[PDB]
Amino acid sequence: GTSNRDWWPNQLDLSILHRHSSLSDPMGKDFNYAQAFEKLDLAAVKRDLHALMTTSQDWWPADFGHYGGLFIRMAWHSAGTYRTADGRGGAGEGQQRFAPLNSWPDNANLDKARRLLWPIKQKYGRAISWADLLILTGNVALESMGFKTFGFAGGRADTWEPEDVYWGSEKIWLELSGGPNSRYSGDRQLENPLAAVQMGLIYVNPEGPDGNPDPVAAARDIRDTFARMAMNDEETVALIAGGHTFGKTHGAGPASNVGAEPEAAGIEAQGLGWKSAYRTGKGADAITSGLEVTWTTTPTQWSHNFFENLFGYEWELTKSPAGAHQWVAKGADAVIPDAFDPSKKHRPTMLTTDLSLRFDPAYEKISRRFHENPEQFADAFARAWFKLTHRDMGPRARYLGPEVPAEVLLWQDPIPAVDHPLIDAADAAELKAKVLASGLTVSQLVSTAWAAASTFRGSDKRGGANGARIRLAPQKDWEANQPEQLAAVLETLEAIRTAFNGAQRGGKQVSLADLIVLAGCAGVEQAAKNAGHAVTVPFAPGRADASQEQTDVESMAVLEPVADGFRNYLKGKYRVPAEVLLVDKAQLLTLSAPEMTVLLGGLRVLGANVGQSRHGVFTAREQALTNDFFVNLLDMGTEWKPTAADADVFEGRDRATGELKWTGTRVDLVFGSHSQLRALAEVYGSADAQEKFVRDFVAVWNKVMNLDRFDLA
């Protein structure tokens, strides 16, 4: 069946902006997951999950009689696809149940784990999503086995189709580095935005880098991949040691026994995969990773035995029954219990990646401290497990149910509670007039508010204008934000705010976060008036100002835009074409193709480009809100060519005279090239479309201003 993707594999794919339509969603347009979850009897759900832990099913018998380890690994993998670079992956959409993650090699047999949860899912129905259930089940596993969690928030709404995520370019599962589509270059540099060492792994290879069983080298990969999942050294050691306090791995026989992954299995397998011809195919004969390691003397109970073993023995390199590299404790007694046979015991074993916690010098010091102070280990793991499993849930206002921790954590980019009356519509009109009387231009007001709001990404629900973090390090210094002009605009807004707030009775005040947005609205109003349209822009108050100490500077670096097509900004020269980067950004902002089109066309004419660039400013009435961008872009009286100096900048000349009319980047011209985008630009560039352009612009502007406003949801 030959498709457009086969004929034109490097054309832009806009379908990624149109996933998650109401067409694929089986719930009404009215279904609100938060409200269904708020009625769930969470306690009853936890009781059922507690019972499930030791209700072994014959089609996938429970190791040691307890599914706890399996469910902790299930939950860890649901969370563990998260990348800080784009905020994609993570547990927040329940994507583990869809392709490709349902069939990743590292997710082998987690199909069985999710099938075990079906009766509970079915019983509670829409009131608990798969996405919430997977994490809750991890929590309950930990609790069942004697570990007290830091807490749990519901509110991860289920999704209904696979996300479009760049997981790499390799065409072979688990391909080792240096192939034709290598994710590594230079001195083992992993390409952004990837956060795993091989296609179909979560973070690293348990045998060591590219299969080489060097724990020191393995530590380097661990540290890099975990940093790319937002975890520092302490959190990392706590998570790995904490997780490998429980359960075991499965490699009872050769991996050639294991058949097709779920998405490749036959229809009779009913959504399950990795069927094994080794012996009974399950239980004591299970093959998952190929490794055969049990870490502790009590695999179904919280202990301090991980670090006791890690430091208490010396380790020797050996092989699992499947042929995989792993480590066995030299001269040890058989103290580890067998998962199925009460008469067999085994020597302590470890993976290469466990030994990393000992033999990397920085990890070693943390592992020692946790060894000597187990209460610090327990607390670090609890905190890290909460972080891991909630990292992509967004602001605290989205957290539901009775187990939400009251402690506010730095990584949540917290926003202070509003404790005063908010501005009303009269106050908003007075502020907007003061803004316009101060001398700030349309371009300044629009650029500033765009800069503040457009850090939001729906992937992990970080960023947005709430908080006024654009006035703090590091946002205030980002090149795309034009630090010098930004400083000037903020100093003017701050004087307006000080004066308005000092005039108030009764505790009313306006936050700078609100005023930045409100000021951008005034700029759009002014621009509409410059074009002869009478427009009021909607504005919702209630944003607050976060302090510098509430803003982790390092964590904030990943939100820096290195490409923002909306401002015609590229930080350097990338191997990814700019128009691909524009679509990627539109996706993070939750924009459809029509929204992205109208938005960019308006921003160009309002003066939002970085550095006052003229590229794509296809108008003679800059700072007026018109559809000029489109009308001029589509004018066949102009011919375009890439410039001598740069293949990425284009000159548009009068076809008859050869005179230069405009210049543009690939981001500008793509709207006139791509057949679906051009169809959109046409709508907005038609003679009957001036009002529609202004109205659709206002609506999309307001949408971007409100992206993070979960306090109103």
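Note that residue numbering follows the sequence shown and begins at 1.
Query raised in the report: Quick one: higher average CA temperature factor, 504-512 or 317-325?
Result: That would be 504-512.
Query raised in the report: Comparing 364-372 with 444-452, where is the mean C-alpha B-factor higher?
Result: Mean CA B-factor is higher for 364-372.
**Report entry** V237, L472, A519, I267, ranked by C-alpha B-factor: the highest one
**Finding:** Within the set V237, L472, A519, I267, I267 shows the top C-alpha B-factor.
Requested in this report: In terms of CA temperature factor as recorded, identify the highest of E659, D63, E682, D688.
Outcome: Answer, based on the entry's C-alpha B-factors: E659.
Report task. Tell me, lowest, middle or highest third: where does the Cα B factor of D25 rank within its chain? Result -> Middle third of the chain for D25's C-alpha B-factor.
Query raised in the report: Which third of the chain does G80 land in by C-alpha B-factor: lowest, middle or highest?
Result: Lowest third - that is where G80 ends up once the chain's C-alpha B-factors are sorted.
Query raised in the report: By the record's CA B-factor, is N192 among the lowest, middle or highest third of residues in the chain?
Result: Tercile = highest for this residue's CA B-factor.
Requested in this report: Ordered by C-alpha B-factor within the chain, which third holds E93? Give me lowest, middle or highest, please.
Outcome: Lowest third, going by the recorded CA B-factors of the chain.
Query - Ranked C-alpha temperature factor of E308 among modelled chain residues, by third - result: Highest third, going by the recorded CA B-factors of the chain.
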